[PDB]
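Numbering (the authors' numbering), first residue to last: 978 to 1075. Taking it in order: structure first as structure tokens, then the write-up.
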Amino acid sequence: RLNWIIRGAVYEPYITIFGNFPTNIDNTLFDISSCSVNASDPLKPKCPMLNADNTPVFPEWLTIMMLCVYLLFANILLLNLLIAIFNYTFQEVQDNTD
């Protein structure tokens, strides 16, 4: 859908990147969309995949592995920004404190 694409693409991942713990990696086919024929404002995420009684055609272990890798590199770049601020603050404090 038009709004569902910008919801899932941009409105979703930053909250996951902030690190507040989601339950979104837990369940598949839990009927939160209930399917691709929704066209409903509550029924947003549009039934990720169809298979024999389970949602994923390829399972959630890749989805949590890629999630952990994503969190790892995001914290890498965040600590890079931390050292980027620390270098200027220390170059300020490397001058004579008296």
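The C-beta atom is built at its ideal place from N, Cα and C for all residues, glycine as well.
By Cβ distance, which residues of its chain are closer than 8 Å to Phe-1050, with the 5 residues on each side in sequence left out?
none
May I ask you to verify whether the stretch 1035–1042 touches the stretch 1015–1022, counting CB pairs closer than 8 Å and requiring at least 3?
no
Tell whether a beta-carbon distance below 8 Å holds between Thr-1005 and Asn-1031.
yes
CB-CB under 8 Å to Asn-1001, same chain, minus the five flanking residues each way: which ones, in chain order?
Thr-993
Please determine, among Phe-1007, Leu-1048 and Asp-1003, the residue with the shortest C-alpha to C-alpha distance to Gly-996.
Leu-1048
Let me confirm a value: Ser-1010 is counted as buried when at least 16 other C-beta atoms fall within 10 Å, else exposed. Which label applies?
buried
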